[PDB]
């Protein structure tokens, strides 16, 4: 019996510091969808756990030169954490080095605009220069554009990779702030889950436009061959079938909506 080290990331509404966090200790400092999910997974799998925030604040990508993984993925690969419970996208390159449970949430890449921005689609962004657009660094959305052979997305990447000043951001919060402050001149490409959450938070000045660009899932990740992988997978399916995942999504997205 060992305390499971959980790596996660501060990303609303998945993991957030409670208002009164400075007077709280350990796991009690945090709240959110992944905090609730971690508690459920641990209960069903019968383990005790410690939530830790990923040191470098990243999801995980592999450096092309050194081949070293960063982010939550790196924490699993190098044995610094036992499990990642976060909005971590299931991708081919990651599945090669870590294990993922069946998905607990669906999502797709989507477009965030400041309200009133005359953009309705990815096609619309790709055909103009007035409105800058970019993505998060070290995540699956950037890799999507880097790899896409779809004409519109390829054009978009050609623009984004060489754009000056840089259109990429270190955190989702930075991307959102950039939209809010840029008077309609920056659009942000981010996962529909995060986009839909921010759309329902004050100051209610952003919106999701167009359909999703792809369709994928977040999964709970463990190091390759971990003893926990099997149980975690079954727990995710149990929570899905009990309706708990739906309950948590309602709790953290729409029950907490502040744009009416």
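Residue numbers count along the first chain shown, from 1.
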(message) Per the record, averaged over C-alpha atoms, which has the higher B-factor: 32-40 or 204-212?
(response) 204-212
(request) State which stretch shows the higher mean Cα B factor in the entry: 248-256 or 10-18. (result) 248-256
(request) Would you mind finding, among 93, 160, 105, 72, the residue with the largest C-alpha temperature factor in the entry? (result) 160
(request) Quick one: which of 175, 79, 87, 118 shows the highest Cα temperature factor in the PDB entry? (result) 118
(message) Is residue 191 in the lowest, middle or highest third of its chain when residues are ranked by C-alpha B-factor?
(response) lowest
(request) Taking the values exactly as deposited, rank residue 55 by C-alpha B-factor within its chain and report the matching third: lowest, middle or highest. (result) middle
(message) Taking only the Cα B-factors deposited for this chain, tell me whether residue 182 sits in the lowest, middle or highest third.
(response) highest
(request) Going by the recorded CA B-factors, say which third of the chain residue 222 sits in, lowest, middle or highest. (result) lowest
(request) Ordered by C-alpha B-factor within the chain, which third holds residue 128? Give me lowest, middle or highest, please. (result) highest
